[PDB]
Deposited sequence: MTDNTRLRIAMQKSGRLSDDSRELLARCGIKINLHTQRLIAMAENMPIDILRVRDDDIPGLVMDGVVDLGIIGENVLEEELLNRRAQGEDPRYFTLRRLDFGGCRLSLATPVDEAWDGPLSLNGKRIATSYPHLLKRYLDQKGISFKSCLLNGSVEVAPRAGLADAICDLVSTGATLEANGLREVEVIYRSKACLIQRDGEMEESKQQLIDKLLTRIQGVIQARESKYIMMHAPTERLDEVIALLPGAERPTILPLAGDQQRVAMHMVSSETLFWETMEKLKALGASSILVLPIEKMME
């Protein structure tokens, strides 16, 4: 049939996934209670499902493409491998959204001196396989304690010596007497392809879609920069701005496209280097 892409129906990645495909020129209605939507022009099926189920759909080839976050995907990969299976998939690419970090946390009123210290302790978590891979690699053994939510209760409840959980502002942990202490895994949403052989047409589309994804991401990361021919030191400038597609010089400045962001520190440097009237303009779309 036609192309089948799996995406989270409702949660942390849904708005962003919905948005990418639109931005890639994908007309489709998501204001519907229906879960398997046909795209209004391109021959594309979007299945709105639970994030938890995406890796597997992809690993069983029951869909061709999926948008899912690294942690979930990798957790389920290790799960099957621990059951003896050989799940297979192609990572087409890591995306520019969904960030999150999985971290070790311990009671605030206890000082920390590294992971070895956890040897023999009980750690609660929803990500048993990711935590085990990390400590194993580190030679540390531990007793797992499984919970699917509210993981932060574990310590103040006598369920564990410590926990491993998604953290961001760090609010919950403080409110639950714990503090971050080591990030063991950082994840982003990514785009994955099913295993096996792909037909000419749909693969042509997959290939096509990918490039539009690249452009959408570039455009939001990249910027158009305009300085001032600091003649001499002109060299040192370029090094702080990995343009990757050549500055343009003009007697009277410089005009170039930066893929990365101009953090204050970096501008702070340019300045002291003698650069004047530094400008950054947004780019709405780009094809390079």
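Checklist entry - What are the missing stretches of the deposited sequence, listed from start to end? => result Gaps in the modelled chain, taken against the deposited sequence, lie at 1-4, 257-263.
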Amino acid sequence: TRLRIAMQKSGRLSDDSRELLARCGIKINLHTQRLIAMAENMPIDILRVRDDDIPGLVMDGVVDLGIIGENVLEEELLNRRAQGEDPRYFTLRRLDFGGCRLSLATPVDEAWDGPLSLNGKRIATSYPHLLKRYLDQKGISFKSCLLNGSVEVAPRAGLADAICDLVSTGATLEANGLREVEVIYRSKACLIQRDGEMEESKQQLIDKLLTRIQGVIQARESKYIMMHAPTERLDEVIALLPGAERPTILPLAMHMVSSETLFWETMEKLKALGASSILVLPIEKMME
From here on, numbers count along this sequence of modelled residues.
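Checklist entry - Mean CA B-factor: is it higher for 231-239 or for 42-50? => result Here the higher of the two C-alpha B-factor means belongs to 231-239.
Next on the checklist: If you take the mean CA temperature factor per stretch, which one wins between 168-176 and 91-99?
Outcome noted: Higher mean C-alpha B-factor in the PDB entry: 168-176.
Checklist entry - Say you rank 124, 210, 140, 78 by Cα B-factor from the PDB entry; which sits at the top? => result Within the set 124, 210, 140, 78, 210 shows the top C-alpha B-factor.
Checklist entry - Lowest, middle or highest third: where is residue 133 by C-alpha B factor in its chain? => result It belongs to the lowest third of the chain when residues are ordered by C-alpha B-factor.
Checklist entry - Sorting the chain's CA B-factors, does residue 215 end up in the lowest, middle or highest third? => result Ranked within chain, residue 215 CA B lands in the lowest tercile.
Checklist entry - In terms of the CA temperature factor given in the entry, to which third of its chain does residue 15 belong: lowest, middle or highest? => result For residue 15, the deposited C-alpha B-factor lands in the middle third.
Item to check | For residue 65, the third of its chain into which the C-alpha B factor falls | outcome: Ranked within chain, residue 65 CA B lands in the lowest tercile.
Item to check | Where the record places residue 111 (Cα B-factor, split into thirds across the chain) | outcome: CA B-factor rank for residue 111: highest third.
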